[PDB]
*Asks:* 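One structure, pasted below without further comment.
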Amino acid sequence: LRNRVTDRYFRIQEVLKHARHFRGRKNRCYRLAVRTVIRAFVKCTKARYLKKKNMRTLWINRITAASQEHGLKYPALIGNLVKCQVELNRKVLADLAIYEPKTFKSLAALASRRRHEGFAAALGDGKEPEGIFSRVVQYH
Amino acid sequence: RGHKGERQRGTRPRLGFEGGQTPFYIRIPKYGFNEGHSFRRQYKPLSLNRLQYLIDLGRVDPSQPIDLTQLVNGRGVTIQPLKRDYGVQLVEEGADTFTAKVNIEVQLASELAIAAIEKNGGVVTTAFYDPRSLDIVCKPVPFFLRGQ
Amino acid sequence: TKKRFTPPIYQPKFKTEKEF
Amino acid sequence: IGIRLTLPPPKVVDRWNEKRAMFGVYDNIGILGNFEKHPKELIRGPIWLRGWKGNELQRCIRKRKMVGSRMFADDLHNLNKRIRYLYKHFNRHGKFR
Amino acid sequence: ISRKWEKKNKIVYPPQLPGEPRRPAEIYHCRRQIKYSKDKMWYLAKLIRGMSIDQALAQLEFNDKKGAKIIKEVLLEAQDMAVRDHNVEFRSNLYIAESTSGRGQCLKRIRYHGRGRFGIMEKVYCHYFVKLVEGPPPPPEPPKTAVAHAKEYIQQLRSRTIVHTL
Amino acid sequence: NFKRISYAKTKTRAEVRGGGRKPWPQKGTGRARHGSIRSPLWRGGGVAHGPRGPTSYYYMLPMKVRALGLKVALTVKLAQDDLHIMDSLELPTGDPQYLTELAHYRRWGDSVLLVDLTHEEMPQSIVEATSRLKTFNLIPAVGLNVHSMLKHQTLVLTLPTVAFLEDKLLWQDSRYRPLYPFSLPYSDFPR
Amino acid sequence: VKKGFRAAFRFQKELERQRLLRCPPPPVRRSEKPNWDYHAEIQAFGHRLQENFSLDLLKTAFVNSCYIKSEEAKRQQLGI
Amino acid sequence: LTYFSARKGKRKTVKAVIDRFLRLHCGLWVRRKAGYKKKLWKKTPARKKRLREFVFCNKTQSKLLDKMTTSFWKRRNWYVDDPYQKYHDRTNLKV
Amino acid sequence: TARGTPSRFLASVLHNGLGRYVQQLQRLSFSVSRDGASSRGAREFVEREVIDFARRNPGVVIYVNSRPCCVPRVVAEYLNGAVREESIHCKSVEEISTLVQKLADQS
RNA sequence: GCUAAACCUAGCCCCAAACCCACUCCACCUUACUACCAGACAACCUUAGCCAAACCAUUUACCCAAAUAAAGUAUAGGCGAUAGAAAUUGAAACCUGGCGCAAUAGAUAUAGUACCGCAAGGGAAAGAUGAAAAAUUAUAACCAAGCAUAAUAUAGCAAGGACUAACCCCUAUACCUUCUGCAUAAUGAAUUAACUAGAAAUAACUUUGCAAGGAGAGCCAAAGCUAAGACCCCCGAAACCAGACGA
RNA sequence: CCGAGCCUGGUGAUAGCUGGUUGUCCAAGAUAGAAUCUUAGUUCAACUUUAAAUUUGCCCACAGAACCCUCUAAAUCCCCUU
RNA sequence: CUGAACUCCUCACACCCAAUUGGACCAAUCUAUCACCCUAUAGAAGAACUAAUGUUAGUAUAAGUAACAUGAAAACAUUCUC
RNA sequence: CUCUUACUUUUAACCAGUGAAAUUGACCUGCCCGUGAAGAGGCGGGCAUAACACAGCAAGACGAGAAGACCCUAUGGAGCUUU
Ligand SMILES: [K+]
Ligand SMILES: [K+]
Ligand SMILES: [K+]
Ligand SMILES: [K+]
Ligand SMILES: [K+]
Ligand SMILES: [K+]
Ligand SMILES: [K+]
Ligand SMILES: [K+]
Ligand SMILES: [K+]
Ligand SMILES: [K+]
Ligand SMILES: [K+]
Ligand SMILES: [K+]
Ligand SMILES: [K+]
Ligand SMILES: [Mg+2]
Ligand SMILES: [Mg+2]
Ligand SMILES: [Mg+2]
Ligand SMILES: [Mg+2]
Ligand SMILES: [Mg+2]
Ligand SMILES: [Mg+2]
Ligand SMILES: [Mg+2]
Ligand SMILES: [Mg+2]
Ligand SMILES: [Mg+2]
Ligand SMILES: [Mg+2]
Ligand SMILES: [Mg+2]
Ligand SMILES: [Mg+2]
Ligand SMILES: [Mg+2]
Ligand SMILES: [Mg+2]
Ligand SMILES: [Mg+2]
Ligand SMILES: [Mg+2]
Ligand SMILES: [Mg+2]
Ligand SMILES: [Mg+2]
Ligand SMILES: [Mg+2]
Ligand SMILES: [Mg+2]
Ligand SMILES: [Mg+2]
Ligand SMILES: [Mg+2]
Ligand SMILES: [Mg+2]
Ligand SMILES: [Mg+2]
Ligand SMILES: [Mg+2]
Ligand SMILES: [Mg+2]
Ligand SMILES: [Mg+2]
Ligand SMILES: [Mg+2]
Ligand SMILES: [Mg+2]
Ligand SMILES: [Mg+2]
Ligand SMILES: [Mg+2]
Ligand SMILES: [Mg+2]
Ligand SMILES: [Mg+2]
Ligand SMILES: [Mg+2]
Ligand SMILES: [Mg+2]
Ligand SMILES: [Mg+2]
Ligand SMILES: [Mg+2]
Ligand SMILES: [Mg+2]
Ligand SMILES: [Mg+2]
Ligand SMILES: [Mg+2]
Ligand SMILES: [Mg+2]
Ligand SMILES: [Mg+2]
Ligand SMILES: [Mg+2]
Ligand SMILES: [Mg+2]
Ligand SMILES: [Mg+2]
């Protein structure tokens, strides 16, 4: 009994369908396409890490820009918002800067206020009571 | 198959070859463990336990003389004349519980096996069969079909 | 170094003789 | 290229032809027939393969032994050469020793 | 081999409605197995694309290439065929809608080299395809002007969204 | 499979016509090195690992296993209401339509295996009817086998056949291990 | 020529998809396509919308004057 | 080793093994010590006694010797008055 | 990959769920062979599951068609005009139940 | 839109059976195919070597008249590699079939022709409508590479993430083989189609049967025995020897 | 292509040497040595894998392991508990 | 403050080591029986190719590149030049 | 040769006809320094940079061609010599 592959055409089309938008002969020549298609799929897999990384870099750049408009550096805003128990993440903070500029100025003002309270406390010797915005809500 | 060498290509040395070191199976001195093995007489053991068990199940009849034919026809012993078997040796295993009275013809019998049969009123005889005779007595029907 | 020569091999004629 | 552009002619199989209908009959010729005939005697084919099985080297040796004297000169030469090649392969070449 | 170009002159369209615009006549003609290169023939076919039938014939009559005479011969029989069999009123009212060359069936021959070596020589053949459409030749495209560039640039600026956010 | 003999065969590189000479020198030509034009790499060359027939597939299940299989097939037919016992296979007529109509009326399925005790003593009427049919097949008791029983949806046995099959199949359960082939004379066999 | 039917059948299916894509068929009413029961479709329409429609009124709402005038013309053409 | 003989297509026994080793039915192989007949004048009595011993082979050697012999040599034999009859069967062997 | 395929923005059909939720699945067409082995799981789904599934979804018209077929299929049609064909070849009854429920929940 | 693509027959393979063997007239061992002249010459005679023994030097299976079994036993042997009986035992046997190939397959075969060689010798390729061609203005189209329709716009393994947006932004040192380690300026590869490479004993394991027995004479057996399943590739030297052909 | 012609056959010469070795998916997985005309390879150990059996394995408290001689070394071995 | 495939978070989980080894599936083909717009359960086997300076065929690249060819006029008769 | 120059023919380039070969993983085929299987068009840091022909040139593509002939290895060959 002599067996021969009868559906090789379909096996080839499984790869070439992913190579139609490629440049040059590697969009139609299996030998060439198969290598480039594999590389494309590997890139797609690893890009999921970069997508997350690049998104956060973008948010920090955008938050940095918005903070500077109010005379605040990025680390001062983020650090002091945490000390106020405001857990807004960078994605939302970047969205607020673009579409809710009045709320963002309020957040910038709050961070600036908390930052100044920190300085007053550090300069004092413990005589002063805790700042109004420095008080932490305790949970149990 | 691995990578290169003789083994990937299927050219590794014969079994027993050790790479050039004088092989284990050659460096041992010759000794006559098996010298003359094919000319040694062999006897299939038949214990008194087996003999009694065959009698109790009706596979061997003690009312008639028992010999190699009756034992073979009862599937008590399997004799191989072509493997230098010369018959059955009666072995003493089971003597304490042997109760049957039998007239039995064997090729070899131990002293204690003879005592067991004789204590119970039976007769035991030691009989010699040559290789050809053993083949015929063990399987009579195939012989009769030869016309000799 | 021993003289090394490789002679040319002609292909079968018919392969260049087919007509319409 | 490489794939036919039309469907092949439909496959018509008569499952109840006499050959298929009676397949297997007398396979228990011995068990049900007092063992006068062995089922292997129902096998039809080359005289050196009836009721016997072996690897290609064994088949070659068996055929040369049973019908080698009746083989054609060219066929017998090929058979002798095949036996030599297979002898070398199985006895000297392989992964296991 | 494929011969679809000759079957395009056999398509009968259904009668037009009273208010529909008059459909231009389309005439497909070709010459098969020309002893000439398709690569060289491409240049002549390229030259006359979009030209009127008369302008194409004039350009080809004074070309020095061998293909020019062959194409001119094909164009003239296509023009005659358009009026005779395709109900084209004015023979001059035709323009080259399509003109291209194709590869023909070629022959292989041996070319001898020195030292007993050889090469395989191909005796090249080609096809020429032409489509004639009734009507004046379509006008050429005006060069994109500065106003168009500025309009396109500003359009791209106006389609620009805030990316990766709400 | 036990009686299968495959007749497929191909030629090795040693058996393909020609191929003696080395097609071109080992070195200097710039081409791949080759020893013979009939190598399996070449068009028209030998087959590397093709069929080497004729090839036999003979083997034998233990006699007891083949006997047990017959028992299982009969039980399955009875348990699934596909077994019908007849007193005899005598039909009123030799017309095949009668037998076909009888099976339809009795809801006997598309195909029926008819088993008689002996070939010689089969009634002439049933012989005439079955000879003209394709799904109604008449066999002697010695011809009964698992494949036929599974291929046919209904099994019909005569009462003498039933007694015949019980004797043969139950003999396998109570017998000694053989001393020589059962074809040779024994004390109590045959019967 | 290679043995087998499956690969050829699969290729026929693809040749028919490409043929259809090259010449997309003219669209037709869903009612004209298979698996259509008008009464069942009318009832599901109301249920999807969570509305207790009266099936007599709902059916009339879909009937248009153009469909009635044309339905009558077909009747006259067939002499019914 | 000859895996398939040219005349019979059957595996052959290496007769060098038969000449040197005794196989017990339990699977053990018994050999003599190399050099037990060599230069006894320079060997001590303790060493000479060790050389006279009949000793067993290890698992790896036993597996090799099994492969180098056919099944005939592994059958149970009943030689009359066999010196090694007792050693054929193991006793009180846990795993 | 993303560059090798089309994309769209997250959206709904006629602002679904804003004023009221409307199930988008509108029709289901089963094709189950009477005798095919591949359709065994589809036949068992039609005997006990399809009737109870229709009671829960009165806005979906289910068309069961028994005919000779080597590959049983379910065809889902939605109010927006989308048509989806999903094979149920050799699928178990539980597998088919899961698939059919997924089609009901999609837009 | 071209070039092309697609096909099912020609025949062939392995068995069975059967013993086998031709012829018109004329010409043909001289320079064969040459009507017609003085001769006388006559056939027989151990294969070798590759290869294995990891060199090699004795040695290294080759149908020789019944399947099986005895038995890989007796025996032979640098007692190494390996070689290897017999006595004895004793079965079946109905040609006209195929889980064989289907134009790169299957015979080399359309043919030992064309072609190549002084000679011995080597040795191809390919065909495809239909009931009718005394229907040839006929049988659709759709599919490899290659091109055409339709050249090109900063930047870089040619893609991925994306994006309103092709590109511009960001990330990213082809593949196989071979190596301590290869983007490597180490190997192979123009590309398409087709073809092209893992063969089995010894035991062991797994799943049935029966069980001190198993097995359809042989064999094994101190739970064994029978059956089955499942593991061992492809291409390549320079050589060696025998017999022919060549000044 | 004469350090000894050519063709055919033995012949599928042999090659510890180079090259090649075809569907998907998961899992465990790195390395003391000895001998060898042997070091471009093999066989045995060692390591690694699968199945099976039943019982300790690893980590380690005291106590304990040499004189001769210079660095009176970092440590090791043994080892209950855990 | 930034900063990983570390860790947490929502959901899921057999799903990142060469040689080698164990396991779960599987394209097409043939056969048995089903099935009947292309399948099922089994049995088989010439059973799967991005690589061997692989074999054969087609077509590219180099490239319309290297290279190749016909002394002159005329009435095609003839004459002239060499 | 100092030290080359001029002219003729061929080749050459352009037009027309005919039409090969080795070579080719894919190429969207820059320069500098640095790095790295240790000498980079492809990596890092810089610099440069609309697109596309034709004619030259031979510094690089460890350029093409020939599975290095030198050297070593193989229990691979062969010729020749010999106490
Ligand atoms: K072997
Ligand atoms: K011995
Ligand atoms: K040698
Ligand atoms: K051929
Ligand atoms: K390098
Ligand atoms: K390198
Ligand atoms: K190199
Ligand atoms: K490579
Ligand atoms: K002469
Ligand atoms: K290499
Ligand atoms: K080596
Ligand atoms: K001058
Ligand atoms: K250069
Ligand atoms: Mg992070
Ligand atoms: Mg390799
Ligand atoms: Mg190695
Ligand atoms: Mg010449
Ligand atoms: Mg040959
Ligand atoms: Mg030769
Ligand atoms: Mg060779
Ligand atoms: Mg062939
Ligand atoms: Mg040797
Ligand atoms: Mg004999
Ligand atoms: Mg052929
Ligand atoms: Mg194409
Ligand atoms: Mg970049
Ligand atoms: Mg190196
Ligand atoms: Mg690297
Ligand atoms: Mg490279
Ligand atoms: Mg190299
Ligand atoms: Mg195997
Ligand atoms: Mg020699
Ligand atoms: Mg040699
Ligand atoms: Mg000679
Ligand atoms: Mg002369
Ligand atoms: Mg010569
Ligand atoms: Mg080889
Ligand atoms: Mg792992
Ligand atoms: Mg030595
Ligand atoms: Mg080593
Ligand atoms: Mg401890
Ligand atoms: Mg983790
Ligand atoms: Mg996980
Ligand atoms: Mg499938
Ligand atoms: Mg294959
Ligand atoms: Mg391929
Ligand atoms: Mg290749
Ligand atoms: Mg050039
Ligand atoms: Mg030139
Ligand atoms: Mg000239
Ligand atoms: Mg030039
Ligand atoms: Mg030119
Ligand atoms: Mg190259
Ligand atoms: Mg550098
Ligand atoms: Mg480079
Ligand atoms: Mg070079
Ligand atoms: Mg080299
Ligand atoms: Mg040598």
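Lettering of chains follows the sequences in order, A, B, ..., and the numbering in each one begins at 1.
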*Asks:* Could you give the distance separating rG84(J) and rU60(J) at their P atoms, to the nearest angstrom?
*Replies:* 10 Å
*Asks:* Does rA217(J) adopt a syn or an anti glycosidic conformation, taking syn as a chi angle within 90° of 0?
*Replies:* syn
*Asks:* Could you let me know what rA145(J) is paired to, Watson-Crick or G-U wobble, both distances under 3.5 Å, or none if it's on its own?
*Replies:*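 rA145(J) is unpaired by these criteria.
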*Asks:* My understanding is that a pair needs two contacts under 3.5 Å, Watson-Crick or G-U wobble. By that rule, which nucleotide pairs with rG23(K)?
*Replies:*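 Its partner is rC25(L) (Watson-Crick or G-U wobble, both distances under 3.5 Å).
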*Asks:* Without decimals, in angstroms, what is the distance between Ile43(D) CD1 and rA67(J) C1'?
*Replies:* 14 Å
*Asks:* Can we call the ring centroids of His37(B) and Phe72(H) under 6.0 Å apart?
*Replies:* yes
*Asks:* Measure from NZ on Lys3(C) to P on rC2(K) and round the result to the nearest Å.
*Replies:*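 The answer, rounded to whole Å, is 9 Å.
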*Asks:* Is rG56(M) paired to anything, Watson-Crick or G-U wobble with both distances less than 3.5 Å, and if yes, which nucleotide?
*Replies:* none
*Asks:* With the 90 degree cut-off around zero defining syn, does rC231(J) come out syn or anti?
*Replies:* anti
*Asks:* What is the distance from NZ of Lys53(A) to P of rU171(J), rounded to the nearest Å?
*Replies:*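 Answer to the nearest Å: 10 Å.
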*Asks:* Roughly how many Å apart are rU20(L) and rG20(K), using the P atom of each and rounding to a whole number?
*Replies:*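 Each nucleotide's P atom is 15 Å from the other's.
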*Asks:* Just name whichever nucleotide pairs with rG33(K), Watson-Crick or G-U, keeping both distances under 3.5 Å, else none.
*Replies:*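 By the stated definition (distances under 3.5 Å), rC44(K) pairs with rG33(K).
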*Asks:* For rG65(M) and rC16(L), is it a pair or not, if I count Watson-Crick and G-U wobble only and require both distances under 3.5 Å?
*Replies:*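 Pairing fails for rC16(L) and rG65(M), missing the Watson-Crick or G-U definition.
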*Asks:* Report the pucker family of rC8(J) (north if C1'-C2'-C3'-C4' is positive, south if negative).
*Replies:* south
*Asks:* Rounding to a whole Å, what distance do you find between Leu7(D):CG and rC36(L):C1'?
*Replies:*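 Taking CG of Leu7(D) and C1' of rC36(L), I get 14 Å after rounding.
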*Asks:* When rounded to the nearest Å, what value does the distance between P atoms of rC175(J) and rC157(J) take?
*Replies:* 14 Å
*Asks:* Cation-pi check for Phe9(G) against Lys13(G): NZ or CZ below 6.0 Å from the six-membered ring centre and within 45 degrees of the axis, yes or no?
*Replies:*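 Satisfied, under 6.0 Å and within 45°.
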*Asks:* With a 4.5 Å cut-off on side-chain heavy atoms, are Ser6(F) and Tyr57(F) touching?
*Replies:* yes
*Asks:* Major vs minor groove: which does the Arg43(F) side chain come within under 5.0 Å of?
*Replies:*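 Minor groove (side-chain heavy atom under 5.0 Å from purine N3, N2 or pyrimidine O2).
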*Asks:* Could you give the distance separating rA26(M) and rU154(J) at their P atoms, to the nearest angstrom?
*Replies:* 24 Å
*Asks:* With a cut-off of less than 4.0 Å, is there a side-chain N or O of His93(D) near OP1 or OP2 of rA200(J)?
*Replies:*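 No.
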*Asks:* I'd like to know if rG224(J) pairs with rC210(J), where a pair means Watson-Crick or G-U wobble geometry with both distances below 3.5 Å.
*Replies:*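 Paired: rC210(J) with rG224(J), WC or G-U, both distances under 3.5 Å.
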*Asks:* For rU226(J) versus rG72(J), give the span between their P atoms, rounded off to a whole number of Å.
*Replies:* 14 Å
*Asks:* Please classify the sugar of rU164(J) as north or south using the torsion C1'-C2'-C3'-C4'.
*Replies:* north
*Asks:* Using the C1' atom in both, what is the distance from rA72(L) to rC7(M), to the nearest Å?
*Replies:*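 The answer is 26 Å between these two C1' atoms.
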*Asks:* May I ask whether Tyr59(F) stacks on the base of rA227(J), given the cut-offs of 5.5 Å between ring centres and 30° between planes?
*Replies:* no
*Asks:* What about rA32(L) and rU41(L): are they a Watson-Crick or G-U wobble pair, with both distances under 3.5 Å?
*Replies:* yes
*Asks:* Going by the sign of the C1'-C2'-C3'-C4' torsion, is the sugar of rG209(J) north or south?
*Replies:*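 The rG209(J) sugar sits on the north side, the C3'-endo region.
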*Asks:* So does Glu17(C) pair up with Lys13(C), basic N to acidic O under 4.0 Å?
*Replies:* no
*Asks:* According to the interplanar angle, ranging from 0 to 90°, do the rings of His127(E) and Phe129(E) count as parallel (below 30°), tilted (30 to 60°) or perpendicular (above 60°)?
*Replies:*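 Perpendicular.
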*Asks:* Measure the spacing between CD1 of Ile37(F) and CZ of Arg43(F) and express it to the nearest 0.5 Å.
*Replies:*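 Answer rounded to 0.5 Å: 11.0 Å.
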*Asks:* Is the cationic atom of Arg111(E) (NZ for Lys, CZ for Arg) positioned less than 6.0 Å from the six-membered ring centroid of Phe118(E) and within 45 degrees of its normal?
*Replies:*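 No, cation not above the ring by the 6.0 Å, 45° rule.
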*Asks:* Say we look at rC78(K) and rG64(K): how far apart would their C1' atoms be, to the nearest angstrom?
*Replies:*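 Approximately 8 Å lies between the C1' atom of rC78(K) and that of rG64(K).
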*Asks:* So what's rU50(K) doing, north or south, if we go by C1'-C2'-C3'-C4' (plus is north, minus is south)?
*Replies:*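 North (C3'-endo side).
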*Asks:* Where does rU70(L) fall, syn or anti, if syn means a chi angle no more than 90° from 0?
*Replies:* syn
*Asks:* Nearest to the side chain of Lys64(F), heavy atoms from C-beta on, is which of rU3(J), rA15(K), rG209(J)?
*Replies:* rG209(J)
*Asks:* Using a cut-off of less than 4.0 Å, is there contact between a side-chain N or O of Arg20(D) and OP1 or OP2 of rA32(L)?
*Replies:* yes
*Asks:* Counting side-chain heavy atoms from CB outward, which of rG46(L), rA5(J), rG209(J) is closest to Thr10(F)?
*Replies:*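 Given the options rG46(L), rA5(J), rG209(J), the side chain of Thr10(F) is closest to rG46(L).
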*Asks:* Taking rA151(J) first: does it form a Watson-Crick or wobble pair with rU178(J), both atom distances below 3.5 Å?
*Replies:* no
*Asks:* Calculate the interatomic distance between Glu15(F) atom CD and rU108(J) atom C1'; express it in whole Å.
*Replies:* 15 Å
*Asks:* Taking the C1' atom in each of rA193(J) and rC169(J), what is the distance between them to the nearest angstrom?
*Replies:* 43 Å
*Asks:* Using purine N1 to pyrimidine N3 plus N6-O4 or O6-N4 for Watson-Crick, or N1-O2 and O6-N3 for G-U wobble, both under 3.5 Å, which nucleotide pairs with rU191(J)?
*Replies:* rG58(L)
*Asks:* When both hydrogen-bonding distances must be under 3.5 Å and the geometry is Watson-Crick or G-U wobble, what is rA43(J) paired with, if anything?
*Replies:* none
*Asks:* Going by purine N1 to pyrimidine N3 plus the second Watson-Crick contact, or the G-U wobble pair, all under 3.5 Å, which nucleotide sits opposite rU23(M)?
*Replies:*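 None - no nucleotide pairs with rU23(M), as no candidate has both distances under 3.5 Å.
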*Asks:* Taking 3.5 Å as the limit for both distances, would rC170(J) and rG160(J) pass as Watson-Crick or G-U wobble partners?
*Replies:*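 Verdict: paired bases.
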*Asks:* Is it true that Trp42(F) and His34(F) have ring centroids separated by less than 6.0 Å?
*Replies:*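 Distance test on ring centres: under 6.0 Å, yes.
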*Asks:* Do we see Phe22(A) stacking on the base of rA158(J), given a limit of 5.5 Å between centres and 30° between planes?
*Replies:*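 Aromatic stack with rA158(J) absent for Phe22(A).
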*Asks:* Could you check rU154(J) and say if its sugar is north or south from the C1'-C2'-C3'-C4' sign?
*Replies:* south
*Asks:* Using Watson-Crick or G-U wobble geometry with both distances under 3.5 Å, which nucleotide pairs with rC7(M)?
*Replies:*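 None - no nucleotide pairs with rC7(M), as no candidate has both distances under 3.5 Å.
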*Asks:* Would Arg75(B) and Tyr176(F) count as a cation-pi pair here, with the cationic atom under 6.0 angstrom from the ring centre and within 45° of the axis?
*Replies:*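 Judged by the rule (NZ or CZ under 6.0 Å from the ring centre, within 45° of its axis), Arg75(B) counts as positioned above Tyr176(F).
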